[PDB]
file coords26.tsv (TSV, C-alpha atoms)
chain	number	residue	atom	x	y	z
A	1	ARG	CA	-43.82	16.10	93.93
A	2	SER	CA	-42.19	14.19	96.79
A	3	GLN	CA	-45.72	14.00	98.18
A	4	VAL	CA	-47.02	12.73	94.85
A	5	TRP	CA	-44.18	10.19	94.92
A	6	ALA	CA	-44.92	9.39	98.55
A	7	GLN	CA	-48.58	8.88	97.75
A	8	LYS	CA	-48.05	6.83	94.57
A	9	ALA	CA	-45.34	4.65	96.12
A	10	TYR	CA	-47.55	4.13	99.16
A	11	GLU	CA	-50.42	3.15	96.85
A	12	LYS	CA	-48.30	0.67	94.88
A	13	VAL	CA	-46.74	-0.84	98.01
A	14	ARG	CA	-50.15	-1.23	99.68
A	15	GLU	CA	-51.40	-3.10	96.60
A	16	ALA	CA	-48.23	-5.20	96.52
A	17	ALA	CA	-48.54	-6.09	100.22
A	18	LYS	CA	-51.68	-8.09	99.43
A	19	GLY	CA	-49.93	-10.47	97.06
A	20	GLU	CA	-48.15	-13.75	97.74
A	21	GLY	CA	-44.96	-12.24	96.35
A	22	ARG	CA	-44.80	-9.44	98.92
A	23	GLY	CA	-41.57	-10.57	100.53
A	24	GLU	CA	-39.79	-10.57	97.18
A	25	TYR	CA	-41.22	-7.17	96.24
A	26	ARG	CA	-39.97	-5.90	99.59
A	27	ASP	CA	-36.53	-7.35	98.96
A	28	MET	CA	-36.24	-5.54	95.61
A	29	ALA	CA	-37.68	-2.32	97.06
A	30	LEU	CA	-35.06	-2.15	99.83
A	31	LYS	CA	-32.18	-3.06	97.51
A	32	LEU	CA	-32.80	-0.75	94.53
A	33	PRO	CA	-31.58	2.46	96.18
A	34	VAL	CA	-28.10	1.10	96.92
A	35	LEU	CA	-28.00	-0.50	93.45
A	36	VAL	CA	-28.68	2.86	91.79
A	37	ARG	CA	-26.10	4.57	94.00
A	38	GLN	CA	-23.28	2.05	93.56
A	39	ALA	CA	-23.80	0.62	90.07
A	40	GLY	CA	-25.34	3.65	88.35
A	41	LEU	CA	-28.89	3.99	86.99
A	42	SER	CA	-28.68	1.91	83.80
A	43	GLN	CA	-26.88	-1.07	85.42
A	44	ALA	CA	-29.39	-1.03	88.27
A	45	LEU	CA	-32.43	-1.01	85.97
A	46	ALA	CA	-30.97	-3.83	83.87
A	47	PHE	CA	-30.57	-5.90	87.03
A	48	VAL	CA	-34.24	-5.38	87.87
A	49	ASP	CA	-35.29	-5.98	84.27
A	50	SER	CA	-33.66	-9.43	84.43
A	51	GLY	CA	-36.52	-13.29	86.95
A	52	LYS	CA	-39.19	-13.52	89.63
A	53	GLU	CA	-42.32	-11.55	88.74
A	54	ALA	CA	-42.35	-9.76	92.10
A	55	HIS	CA	-38.91	-8.22	91.57
A	56	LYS	CA	-39.82	-6.67	88.24
A	57	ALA	CA	-43.13	-5.60	89.78
A	58	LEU	CA	-41.16	-3.08	91.84
A	59	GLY	CA	-39.38	-1.80	88.74
A	60	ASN	CA	-42.63	-1.39	86.83
A	61	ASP	CA	-44.45	0.33	89.72
A	62	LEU	CA	-41.52	2.73	90.16
A	63	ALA	CA	-41.36	3.41	86.42
A	64	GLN	CA	-45.10	4.18	86.36
A	65	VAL	CA	-44.75	6.56	89.30
A	66	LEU	CA	-42.22	8.43	87.17
A	67	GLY	CA	-44.73	8.63	84.33
A	68	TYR	CA	-43.25	5.89	82.13
A	69	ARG	CA	-45.39	3.11	80.68
A	70	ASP	CA	-43.07	0.35	81.96
A	71	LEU	CA	-39.61	-0.49	83.36
A	72	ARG	CA	-38.21	-0.92	79.84
A	73	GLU	CA	-39.35	2.57	78.83
A	74	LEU	CA	-37.55	4.06	81.84
A	75	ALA	CA	-34.51	1.91	80.98
A	76	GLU	CA	-34.78	3.15	77.41
A	77	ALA	CA	-34.99	6.75	78.60
A	78	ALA	CA	-31.90	6.45	80.80
A	79	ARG	CA	-29.82	5.02	77.95
A	80	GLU	CA	-31.07	7.62	75.45
A	81	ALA	CA	-30.59	10.59	77.79
A	82	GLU	CA	-27.73	13.05	77.32
A	83	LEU	CA	-25.39	13.26	80.32
A	84	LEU	CA	-27.18	16.09	82.17
A	85	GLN	CA	-30.60	14.51	81.79
A	86	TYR	CA	-29.09	11.17	82.85
A	87	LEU	CA	-27.91	12.62	86.16
A	88	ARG	CA	-31.31	14.29	86.64
A	89	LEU	CA	-33.10	11.01	85.98
A	90	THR	CA	-30.77	9.24	88.44
A	91	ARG	CA	-31.62	11.79	91.15
A	92	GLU	CA	-35.31	11.37	90.35
A	93	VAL	CA	-35.23	7.57	90.38
A	94	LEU	CA	-33.22	7.63	93.59
A	95	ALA	CA	-35.76	9.87	95.35
A	96	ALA	CA	-38.77	7.83	94.20
A	97	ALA	CA	-37.01	4.56	95.06
A	98	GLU	CA	-36.41	5.71	98.66
A	99	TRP	CA	-40.19	6.06	99.08
A	100	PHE	CA	-40.81	2.56	97.77
A	101	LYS	CA	-38.13	1.40	100.21
A	102	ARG	CA	-39.65	3.18	103.21
A	103	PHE	CA	-43.27	2.16	102.65
A	104	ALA	CA	-42.14	-1.37	101.80
A	105	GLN	CA	-40.31	-1.66	105.13
A	106	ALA	CA	-43.31	-0.23	106.99
A	107	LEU	CA	-46.09	-2.16	105.25
A	108	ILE	CA	-44.43	-5.55	104.70
B	1	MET	CA	-1.42	32.95	96.20
B	2	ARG	CA	0.66	30.56	98.27
B	3	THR	CA	-1.83	27.66	98.04
B	4	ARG	CA	-1.96	25.47	94.92
B	5	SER	CA	-5.75	25.70	94.86
B	6	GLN	CA	-5.44	29.47	95.35
B	7	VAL	CA	-3.29	29.73	92.23
B	8	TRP	CA	-5.94	27.95	90.18
B	9	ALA	CA	-8.60	30.21	91.72
B	10	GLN	CA	-6.84	33.44	90.76
B	11	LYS	CA	-6.19	32.25	87.19
B	12	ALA	CA	-9.81	31.09	86.97
B	13	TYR	CA	-10.83	34.51	88.30
B	14	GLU	CA	-9.03	36.21	85.39
B	15	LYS	CA	-10.73	33.93	82.83
B	16	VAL	CA	-14.21	34.49	84.22
B	17	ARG	CA	-13.53	38.24	84.35
B	18	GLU	CA	-12.80	38.20	80.62
B	19	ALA	CA	-15.79	36.00	79.75
B	20	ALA	CA	-18.20	38.20	81.71
B	21	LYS	CA	-17.45	41.04	79.29
B	22	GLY	CA	-18.35	39.34	76.01
B	23	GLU	CA	-21.63	38.06	74.61
B	24	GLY	CA	-22.45	34.53	75.67
B	25	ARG	CA	-21.49	35.28	79.26
B	26	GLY	CA	-24.71	33.58	80.31
B	27	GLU	CA	-23.95	30.34	78.46
B	28	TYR	CA	-20.40	30.35	79.84
B	29	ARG	CA	-21.80	30.69	83.36
B	30	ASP	CA	-24.39	27.95	82.77
B	31	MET	CA	-21.57	25.55	81.91
B	32	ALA	CA	-19.34	26.75	84.71
B	33	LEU	CA	-22.21	25.91	87.09
B	34	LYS	CA	-22.65	22.32	85.85
B	35	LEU	CA	-19.08	21.14	85.27
B	36	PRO	CA	-18.35	20.22	88.90
B	37	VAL	CA	-21.28	17.85	89.34
B	38	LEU	CA	-20.53	16.41	85.89
B	39	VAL	CA	-16.99	15.54	86.98
B	40	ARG	CA	-18.13	14.23	90.39
B	41	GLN	CA	-21.06	12.09	89.17
B	42	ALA	CA	-20.03	11.12	85.62
B	43	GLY	CA	-16.23	11.01	85.89
B	44	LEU	CA	-13.53	13.17	84.26
B	45	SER	CA	-13.48	11.55	80.81
B	46	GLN	CA	-17.24	11.77	80.36
B	47	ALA	CA	-17.44	15.29	81.78
B	48	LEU	CA	-14.77	16.53	79.35
B	49	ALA	CA	-16.32	14.68	76.40
B	50	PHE	CA	-19.64	16.36	77.20
B	51	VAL	CA	-18.11	19.83	77.27
B	52	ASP	CA	-16.08	19.17	74.12
B	53	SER	CA	-19.18	18.04	72.21
B	54	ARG	CA	-21.33	21.08	73.05
B	55	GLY	CA	-22.53	23.15	70.11
B	56	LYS	CA	-22.25	26.59	71.71
B	57	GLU	CA	-18.85	28.30	71.55
B	58	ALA	CA	-19.50	29.78	75.01
B	59	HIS	CA	-20.02	26.33	76.49
B	60	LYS	CA	-16.77	25.03	75.05
B	61	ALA	CA	-14.83	28.15	76.05
B	62	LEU	CA	-15.34	27.26	79.72
B	63	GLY	CA	-13.56	23.97	79.14
B	64	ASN	CA	-10.79	25.62	77.12
B	65	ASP	CA	-10.23	28.18	79.91
B	66	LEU	CA	-10.11	25.50	82.60
B	67	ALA	CA	-7.56	23.49	80.64
B	68	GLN	CA	-5.33	26.58	80.27
B	69	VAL	CA	-5.64	27.30	83.99
B	70	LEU	CA	-4.27	23.79	84.59
B	71	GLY	CA	-1.38	24.19	82.15
B	72	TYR	CA	-2.86	22.72	78.97
B	73	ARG	CA	-3.18	24.51	75.64
B	74	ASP	CA	-6.88	23.68	75.38
B	75	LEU	CA	-9.69	21.27	76.16
B	76	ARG	CA	-8.58	18.85	73.44
B	77	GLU	CA	-5.15	18.56	75.03
B	78	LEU	CA	-6.56	18.15	78.56
B	79	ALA	CA	-8.90	15.40	77.33
B	80	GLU	CA	-5.93	13.65	75.69
B	81	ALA	CA	-3.98	13.78	78.94
B	82	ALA	CA	-6.93	12.14	80.68
B	83	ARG	CA	-7.16	9.30	78.16
B	84	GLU	CA	-3.43	8.58	78.25
B	85	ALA	CA	-3.10	8.64	82.05
B	86	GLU	CA	-2.52	5.57	84.18
B	87	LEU	CA	-4.94	5.17	87.11
B	88	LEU	CA	-3.24	7.25	89.82
B	89	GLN	CA	-2.49	9.99	87.32
B	90	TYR	CA	-6.14	9.91	86.15
B	91	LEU	CA	-7.50	10.22	89.69
B	92	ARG	CA	-5.13	13.11	90.34
B	93	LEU	CA	-6.19	14.95	87.18
B	94	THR	CA	-9.78	14.33	88.29
B	95	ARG	CA	-9.20	16.08	91.64
B	96	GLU	CA	-7.32	18.84	89.83
B	97	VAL	CA	-10.06	19.49	87.29
B	98	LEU	CA	-12.78	19.32	89.96
B	99	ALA	CA	-10.98	21.89	92.15
B	100	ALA	CA	-10.49	24.23	89.19
B	101	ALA	CA	-14.12	23.76	88.05
B	102	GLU	CA	-15.38	24.76	91.48
B	103	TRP	CA	-13.42	28.01	91.23
B	104	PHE	CA	-14.91	28.73	87.79
B	105	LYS	CA	-18.41	28.12	89.14
B	106	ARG	CA	-17.88	30.38	92.16
B	107	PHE	CA	-16.43	33.27	90.15
B	108	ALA	CA	-19.03	32.91	87.40
B	109	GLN	CA	-21.71	33.24	90.09
B	110	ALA	CA	-20.11	36.41	91.40
B	111	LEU	CA	-19.14	38.04	88.10
B	112	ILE	CA	-21.71	37.06	85.48
C	1	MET	CA	-16.92	-17.10	118.18
C	2	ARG	CA	-15.36	-14.15	116.35
C	3	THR	CA	-17.56	-12.29	113.88
C	4	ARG	CA	-16.68	-12.45	110.18
C	5	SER	CA	-15.12	-8.98	110.13
C	6	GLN	CA	-13.29	-9.72	113.37
C	7	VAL	CA	-11.60	-12.68	111.73
C	8	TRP	CA	-10.47	-10.51	108.81
C	9	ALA	CA	-9.27	-7.83	111.22
C	10	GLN	CA	-7.08	-10.31	113.09
C	11	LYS	CA	-5.75	-12.08	109.96
C	12	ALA	CA	-4.92	-8.67	108.48
C	13	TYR	CA	-3.19	-7.90	111.76
C	14	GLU	CA	-1.03	-10.99	111.32
C	15	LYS	CA	-0.22	-10.18	107.69
C	16	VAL	CA	0.90	-6.68	108.65
C	17	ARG	CA	3.00	-7.81	111.63
C	18	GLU	CA	4.78	-10.13	109.20
C	19	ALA	CA	5.35	-7.44	106.53
C	20	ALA	CA	6.81	-5.24	109.28
C	21	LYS	CA	9.69	-7.74	109.50
C	22	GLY	CA	10.58	-7.80	105.82
C	23	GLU	CA	12.19	-5.47	103.32
C	24	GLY	CA	9.97	-2.92	101.63
C	25	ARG	CA	7.61	-2.63	104.61
C	26	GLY	CA	7.34	1.05	103.70
C	27	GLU	CA	6.07	0.19	100.23
C	28	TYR	CA	3.70	-2.35	101.76
C	29	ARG	CA	2.23	0.36	103.98
C	30	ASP	CA	1.95	2.78	101.06
C	31	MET	CA	-0.16	0.26	99.18
C	32	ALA	CA	-2.21	-0.60	102.27
C	33	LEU	CA	-3.06	3.09	102.76
C	34	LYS	CA	-3.93	3.63	99.10
C	35	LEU	CA	-6.09	0.56	98.43
C	36	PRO	CA	-9.29	1.59	100.23
C	37	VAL	CA	-9.20	4.83	98.24
C	38	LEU	CA	-8.81	3.03	94.91
C	39	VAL	CA	-11.64	0.61	95.65
C	40	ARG	CA	-13.98	3.51	96.50
C	41	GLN	CA	-13.01	5.83	93.64
C	42	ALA	CA	-11.98	3.43	90.87
C	43	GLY	CA	-14.08	0.40	91.75
C	44	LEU	CA	-13.09	-3.10	92.87
C	45	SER	CA	-12.02	-4.53	89.53
C	46	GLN	CA	-9.89	-1.47	88.73
C	47	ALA	CA	-8.35	-1.36	92.19
C	48	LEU	CA	-7.35	-5.03	91.95
C	49	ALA	CA	-5.89	-4.62	88.47
C	50	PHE	CA	-3.75	-1.73	89.70
C	51	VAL	CA	-2.32	-3.86	92.51
C	52	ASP	CA	-1.67	-6.82	90.19
C	53	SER	CA	0.21	-4.64	87.73
C	54	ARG	CA	2.59	-3.23	90.31
C	55	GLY	CA	6.24	-4.06	89.74
C	56	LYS	CA	7.45	-3.81	93.32
C	57	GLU	CA	7.10	-7.04	95.29
C	58	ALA	CA	5.92	-5.32	98.49
C	59	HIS	CA	3.03	-3.63	96.64
C	60	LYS	CA	1.82	-6.90	95.10
C	61	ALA	CA	2.22	-8.67	98.46
C	62	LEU	CA	-0.47	-6.44	99.99
C	63	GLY	CA	-2.80	-7.71	97.27
C	64	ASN	CA	-2.07	-11.41	97.80
C	65	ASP	CA	-2.21	-11.04	101.59
C	66	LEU	CA	-5.62	-9.38	101.42
C	67	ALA	CA	-6.95	-12.04	99.06
C	68	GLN	CA	-5.76	-14.74	101.46
C	69	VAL	CA	-7.34	-12.99	104.43
C	70	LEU	CA	-10.60	-13.13	102.48
C	71	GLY	CA	-10.14	-16.86	101.90
C	72	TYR	CA	-8.89	-16.84	98.30
C	73	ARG	CA	-5.69	-18.51	97.10
C	74	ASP	CA	-4.14	-15.22	95.96
C	75	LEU	CA	-4.86	-11.91	94.22
C	76	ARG	CA	-5.43	-13.67	90.88
C	77	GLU	CA	-8.21	-15.88	92.23
C	78	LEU	CA	-9.92	-12.92	93.94
C	79	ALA	CA	-9.64	-10.83	90.74
C	80	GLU	CA	-11.25	-13.59	88.66
C	81	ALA	CA	-14.04	-14.02	91.21
C	82	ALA	CA	-14.70	-10.28	90.90
C	83	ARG	CA	-14.86	-10.44	87.09
C	84	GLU	CA	-17.27	-13.38	87.06
C	85	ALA	CA	-19.58	-12.05	89.79
C	86	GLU	CA	-23.06	-10.88	88.84
C	87	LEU	CA	-24.01	-7.41	90.10
C	88	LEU	CA	-25.11	-8.16	93.66
C	89	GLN	CA	-22.23	-10.52	94.26
C	90	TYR	CA	-19.84	-7.89	92.85
C	91	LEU	CA	-21.18	-5.22	95.18
C	92	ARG	CA	-21.03	-7.62	98.13
C	93	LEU	CA	-17.47	-8.61	97.23
C	94	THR	CA	-16.66	-4.91	97.00
C	95	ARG	CA	-17.89	-4.36	100.58
C	96	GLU	CA	-15.84	-7.29	101.88
C	97	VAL	CA	-12.61	-6.29	100.14
C	98	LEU	CA	-13.07	-2.68	101.30
C	99	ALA	CA	-13.60	-3.83	104.91
C	100	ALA	CA	-10.52	-6.11	104.83
C	101	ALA	CA	-8.52	-3.34	103.13
C	102	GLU	CA	-9.41	-0.82	105.85
C	103	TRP	CA	-8.01	-3.21	108.47
C	104	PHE	CA	-4.74	-3.60	106.56
C	105	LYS	CA	-4.63	0.19	106.41
C	106	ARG	CA	-5.31	0.63	110.12
C	107	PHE	CA	-2.72	-1.92	111.22
C	108	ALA	CA	-0.17	-0.56	108.74
C	109	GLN	CA	-0.60	2.90	110.32
C	110	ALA	CA	-0.07	1.46	113.80
C	111	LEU	CA	2.69	-1.07	113.04
C	112	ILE	CA	4.74	0.34	110.16
C	113	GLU	CA	6.39	3.75	110.61

call {"tool": "encode", "arguments": {"input": "coords26.tsv", "output": "C-alpha cells"}}
result
Amino acid sequence: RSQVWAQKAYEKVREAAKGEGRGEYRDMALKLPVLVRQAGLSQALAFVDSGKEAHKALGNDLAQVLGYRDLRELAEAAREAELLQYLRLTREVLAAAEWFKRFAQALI
Amino acid sequence: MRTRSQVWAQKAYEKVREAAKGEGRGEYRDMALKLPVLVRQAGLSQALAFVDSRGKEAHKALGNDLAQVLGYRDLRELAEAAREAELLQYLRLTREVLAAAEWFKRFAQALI
Amino acid sequence: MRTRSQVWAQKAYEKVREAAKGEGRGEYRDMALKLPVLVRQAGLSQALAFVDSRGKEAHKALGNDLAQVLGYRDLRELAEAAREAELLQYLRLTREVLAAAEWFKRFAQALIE
C-alpha cells in the first residue's frame, strides 16, 4: 500500500511539476502534513478546500490516491465517519500526505 | 499497591478477570484495546461519548468498569464529571482515565 | 542582530527578573511552568482564556508579560488576535507563544525558587 501510495503520489507530483503552478502545489504539499497533525483532519481539508487552483490540486490528487473522486468526497467522508473510522482516515491521509510532501520536495 | 497507578491496575485487573468469564468477553476486550487511543487522539469527552453510545452491552461495560475503578458509580457519572470540570481538572481526569484505560487494555490482552 | 527568538528569550528574561522582585513570585513561576503544557494540550485559545480568567494577580501578570514580549499591548490583545486568525496564522501564533512561554518557564526555573 505504502508503495502504491508512493507510486501514485510520485505520479501526481511528476505531473504537477510540469505546470506553472508547481511552486504553489509544492507549498501545499509540504504544509498539509503539519496541518492534519495540529488542526485535525476535517479542519485541514477545509483549509485546502478553500483559493489558488494549485493548492486544491494537491488536495484533489491526494483524495484520488485514497480512492475518492475528489477533495470534497474525502472531506465528506471524514465528517460522516464514526470516531474510530475518523482516526483511521486521519492516519491514512497523514501517511499518503507525507509521500506527496517528500516527492514534492525532491521533484520541485 | 503503593503506587496510585498500581491501585488502578489492580482494580482494573479484578474487573477484567470478571469480564473474561462471561459471554461477550471478546467485545469487552475489543473496546478495552481501543479506548486508550480514543482518549489520546479524540480527547476524553469524545472518547467517553463514543463508549456511552455503543450498542453492545459488552462495549459499554468496559466504560462502566473503568469509571468504577476511578471512583465513579458508572460511565454516565464519569462523563458528567468531565463535562462539569474546569480546564485543569479536565486535563487531570484525562490523564487519569488514560492511565486506567491502559491497564484495562493490558489485562484484557492477558486474560481474554 | 539578535534573532527573533533571541529577542523573546531576553525580554522574557527581563520580565522574570522583575517578577522575582515582587510579591507572588511563586505564583508567577507556577503559571510560567504550567503555560507551555496548556498550550500544547488544550490549544492556544484555551490556554490564553485560562490565564485571563485567573483571579490571582501574579498568574495574570505572566499572561500580560508574555503578550508584551511578543509585541502585543497585553493578554487581551493577543487573545483577540488568536481568535481572529485564520488557520495558518493561528498555528504560527501558537508556535510563537509556545516558544516565548518556554523561555518564561526556563528563566522562572533558574531565577525563582

call {"tool": "closest_residue", "arguments": {"input": "coords26.tsv", "among": "B:3, B:49, B:26, B:97", "to": "chain A", "atoms": "all atoms listed in the file"}}
result
B:49

call {"tool": "interface_residues", "arguments": {"input": "coords26.tsv", "of": "chain C", "to": "chain A", "cutoff": "10 Å", "atoms": "all atoms listed in the file", "output": "ChimeraX atom specification"}}
result
/C:40,43,86-88,90-91

call {"tool": "closest_atom_pairs", "arguments": {"input": "coords26.tsv", "of": "chain A", "to": "chain B", "cutoff": "10 Å", "atoms": "all atoms listed in the file", "output": "tab-separated table"}}
result
residue	atom	partner	partner_atom	distance
A:40	CA	B:41	CA	9.5
A:82	CA	B:50	CA	8.7
A:83	CA	B:50	CA	7.2
A:84	CA	B:38	CA	7.6
A:86	CA	B:42	CA	9.5
A:87	CA	B:41	CA	7.5

call {"tool": "atom_distance", "arguments": {"input": "coords26.tsv", "atom1": "atom CA of residue 102 of chain C", "atom2": "atom CA of residue 18 of chain C"}}
result
17.3 Å

call {"tool": "interface_residues", "arguments": {"input": "coords26.tsv", "of": "chain C", "to": "chain B", "cutoff": "12 Å", "atoms": "only C-alpha atoms", "output": "VMD selection string"}}
result
chain C and resid 34 to 35 37 to 43 46 to 51 53 to 54

call {"tool": "closest_residue", "arguments": {"input": "coords26.tsv", "among": "C:36, C:83, C:113, C:93", "to": "residue 70 of chain C", "atoms": "all atoms listed in the file"}}
result
C:93

call {"tool": "residues_around", "arguments": {"input": "coords26.tsv", "residues": "segment 54-64 of chain A", "least_positions_apart": "3", "cutoff": "8 Å", "atoms": "only C-alpha atoms", "output": "JSON, numbers by chain"}}
result
{"A": [9, 12, 21, 22, 24, 25, 27, 28, 29, 45, 48, 49, 50, 51, 67, 68, 69, 70, 71, 73, 74, 93, 96, 97, 100]}

call {"tool": "residues_near_point", "arguments": {"input": "coords26.tsv", "point": "(-16.0, -4.5, 105.3)", "cutoff": "12 Å", "atoms": "all atoms listed in the file", "output": "MDAnalysis selection string"}}
result
chainID C and resid 3:9 36 39 70 91:104

call {"tool": "closest_residue", "arguments": {"input": "coords26.tsv", "among": "B:6, B:69, B:13, B:22", "to": "residue 105 of chain B", "atoms": "all atoms listed in the file"}}
result
B:13

call {"tool": "closest_atom_pairs", "arguments": {"input": "coords26.tsv", "of": "segment 9-72 of chain A", "to": "segment 88-91 of chain A", "cutoff": "9 Å", "atoms": "all atoms listed in the file", "output": "Markdown table"}}
result
| residue | atom | partner | partner_atom | distance |
| --- | --- | --- | --- | --- |
| A:36 | CA | A:90 | CA | 7.5 |
| A:37 | CA | A:90 | CA | 8.6 |
| A:40 | CA | A:90 | CA | 7.8 |
| A:41 | CA | A:90 | CA | 5.8 |
| A:42 | CA | A:90 | CA | 8.9 |

call {"tool": "decode", "arguments": {"input": "coords26.tsv", "residues": "segment 31-59 of chain B", "atoms": "N, CA and C atoms", "output": "PDB file, in the first residue's frame"}}
result
ATOM      1  N   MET B  31     -13.058  -3.341  22.998  1.00  0.00           N
ATOM      2  CA  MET B  31     -13.208  -1.965  23.464  1.00  0.00           C
ATOM      3  C   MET B  31     -12.067  -1.562  24.377  1.00  0.00           C
ATOM      4  N   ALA B  32     -11.622  -2.493  25.209  1.00  0.00           N
ATOM      5  CA  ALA B  32     -10.523  -2.211  26.113  1.00  0.00           C
ATOM      6  C   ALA B  32      -9.293  -1.836  25.283  1.00  0.00           C
ATOM      7  N   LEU B  33      -9.124  -2.508  24.148  1.00  0.00           N
ATOM      8  CA  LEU B  33      -7.985  -2.271  23.258  1.00  0.00           C
ATOM      9  C   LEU B  33      -7.998  -0.917  22.535  1.00  0.00           C
ATOM     10  N   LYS B  34      -9.183  -0.378  22.282  1.00  0.00           N
ATOM     11  CA  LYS B  34      -9.295   0.894  21.565  1.00  0.00           C
ATOM     12  C   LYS B  34      -9.440   2.160  22.411  1.00  0.00           C
ATOM     13  N   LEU B  35      -9.923   2.013  23.641  1.00  0.00           N
ATOM     14  CA  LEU B  35     -10.139   3.179  24.483  1.00  0.00           C
ATOM     15  C   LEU B  35      -8.940   4.108  24.664  1.00  0.00           C
ATOM     16  N   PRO B  36      -7.729   3.558  24.873  1.00  0.00           N
ATOM     17  CA  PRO B  36      -6.592   4.469  25.052  1.00  0.00           C
ATOM     18  C   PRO B  36      -6.355   5.420  23.877  1.00  0.00           C
ATOM     19  N   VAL B  37      -6.268   4.876  22.669  1.00  0.00           N
ATOM     20  CA  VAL B  37      -6.022   5.730  21.517  1.00  0.00           C
ATOM     21  C   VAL B  37      -7.184   6.709  21.314  1.00  0.00           C
ATOM     22  N   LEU B  38      -8.397   6.288  21.666  1.00  0.00           N
ATOM     23  CA  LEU B  38      -9.554   7.171  21.550  1.00  0.00           C
ATOM     24  C   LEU B  38      -9.353   8.388  22.450  1.00  0.00           C
ATOM     25  N   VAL B  39      -8.960   8.144  23.694  1.00  0.00           N
ATOM     26  CA  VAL B  39      -8.726   9.233  24.636  1.00  0.00           C
ATOM     27  C   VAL B  39      -7.559  10.110  24.183  1.00  0.00           C
ATOM     28  N   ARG B  40      -6.460   9.491  23.762  1.00  0.00           N
ATOM     29  CA  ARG B  40      -5.289  10.245  23.306  1.00  0.00           C
ATOM     30  C   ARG B  40      -5.530  11.114  22.064  1.00  0.00           C
ATOM     31  N   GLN B  41      -6.124  10.522  21.030  1.00  0.00           N
ATOM     32  CA  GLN B  41      -6.371  11.216  19.765  1.00  0.00           C
ATOM     33  C   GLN B  41      -7.645  12.058  19.704  1.00  0.00           C
ATOM     34  N   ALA B  42      -8.742  11.563  20.267  1.00  0.00           N
ATOM     35  CA  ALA B  42     -10.009  12.302  20.215  1.00  0.00           C
ATOM     36  C   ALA B  42     -10.360  13.150  21.440  1.00  0.00           C
ATOM     37  N   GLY B  43      -9.680  12.926  22.561  1.00  0.00           N
ATOM     38  CA  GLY B  43      -9.988  13.696  23.759  1.00  0.00           C
ATOM     39  C   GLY B  43     -10.915  12.911  24.676  1.00  0.00           C
ATOM     40  N   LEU B  44     -10.901  13.215  25.975  1.00  0.00           N
ATOM     41  CA  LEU B  44     -11.734  12.491  26.940  1.00  0.00           C
ATOM     42  C   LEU B  44     -13.232  12.520  26.657  1.00  0.00           C
ATOM     43  N   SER B  45     -13.787  13.719  26.509  1.00  0.00           N
ATOM     44  CA  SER B  45     -15.226  13.868  26.256  1.00  0.00           C
ATOM     45  C   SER B  45     -15.702  13.036  25.075  1.00  0.00           C
ATOM     46  N   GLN B  46     -15.008  13.137  23.946  1.00  0.00           N
ATOM     47  CA  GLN B  46     -15.413  12.376  22.774  1.00  0.00           C
ATOM     48  C   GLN B  46     -15.254  10.881  23.014  1.00  0.00           C
ATOM     49  N   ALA B  47     -14.123  10.480  23.590  1.00  0.00           N
ATOM     50  CA  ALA B  47     -13.890   9.066  23.860  1.00  0.00           C
ATOM     51  C   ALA B  47     -15.014   8.471  24.708  1.00  0.00           C
ATOM     52  N   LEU B  48     -15.397   9.171  25.779  1.00  0.00           N
ATOM     53  CA  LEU B  48     -16.459   8.679  26.654  1.00  0.00           C
ATOM     54  C   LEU B  48     -17.815   8.672  25.957  1.00  0.00           C
ATOM     55  N   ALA B  49     -18.072   9.678  25.124  1.00  0.00           N
ATOM     56  CA  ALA B  49     -19.346   9.750  24.417  1.00  0.00           C
ATOM     57  C   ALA B  49     -19.433   8.577  23.445  1.00  0.00           C
ATOM     58  N   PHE B  50     -18.303   8.215  22.844  1.00  0.00           N
ATOM     59  CA  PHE B  50     -18.285   7.093  21.913  1.00  0.00           C
ATOM     60  C   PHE B  50     -18.638   5.798  22.638  1.00  0.00           C
ATOM     61  N   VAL B  51     -17.975   5.565  23.765  1.00  0.00           N
ATOM     62  CA  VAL B  51     -18.223   4.356  24.529  1.00  0.00           C
ATOM     63  C   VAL B  51     -19.657   4.291  25.035  1.00  0.00           C
ATOM     64  N   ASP B  52     -20.164   5.427  25.502  1.00  0.00           N
ATOM     65  CA  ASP B  52     -21.515   5.508  26.049  1.00  0.00           C
ATOM     66  C   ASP B  52     -22.615   5.368  24.997  1.00  0.00           C
ATOM     67  N   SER B  53     -22.262   5.539  23.726  1.00  0.00           N
ATOM     68  CA  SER B  53     -23.240   5.433  22.650  1.00  0.00           C
ATOM     69  C   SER B  53     -23.167   4.102  21.901  1.00  0.00           C
ATOM     70  N   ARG B  54     -22.313   3.189  22.360  1.00  0.00           N
ATOM     71  CA  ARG B  54     -22.185   1.889  21.706  1.00  0.00           C
ATOM     72  C   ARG B  54     -23.407   1.019  21.980  1.00  0.00           C
ATOM     73  N   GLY B  55     -23.818   0.250  20.976  1.00  0.00           N
ATOM     74  CA  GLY B  55     -24.981  -0.606  21.127  1.00  0.00           C
ATOM     75  C   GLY B  55     -24.766  -1.811  22.024  1.00  0.00           C
ATOM     76  N   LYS B  56     -23.625  -2.475  21.865  1.00  0.00           N
ATOM     77  CA  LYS B  56     -23.305  -3.667  22.646  1.00  0.00           C
ATOM     78  C   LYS B  56     -23.066  -3.418  24.133  1.00  0.00           C
ATOM     79  N   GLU B  57     -23.742  -4.214  24.956  1.00  0.00           N
ATOM     80  CA  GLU B  57     -23.637  -4.140  26.408  1.00  0.00           C
ATOM     81  C   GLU B  57     -22.199  -4.381  26.872  1.00  0.00           C
ATOM     82  N   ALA B  58     -21.487  -5.248  26.154  1.00  0.00           N
ATOM     83  CA  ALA B  58     -20.108  -5.579  26.485  1.00  0.00           C
ATOM     84  C   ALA B  58     -19.177  -4.404  26.218  1.00  0.00           C
ATOM     85  N   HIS B  59     -19.511  -3.601  25.219  1.00  0.00           N
ATOM     86  CA  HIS B  59     -18.693  -2.441  24.899  1.00  0.00           C
ATOM     87  C   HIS B  59     -18.860  -1.371  25.970  1.00  0.00           C
TER      88      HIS B  59
END
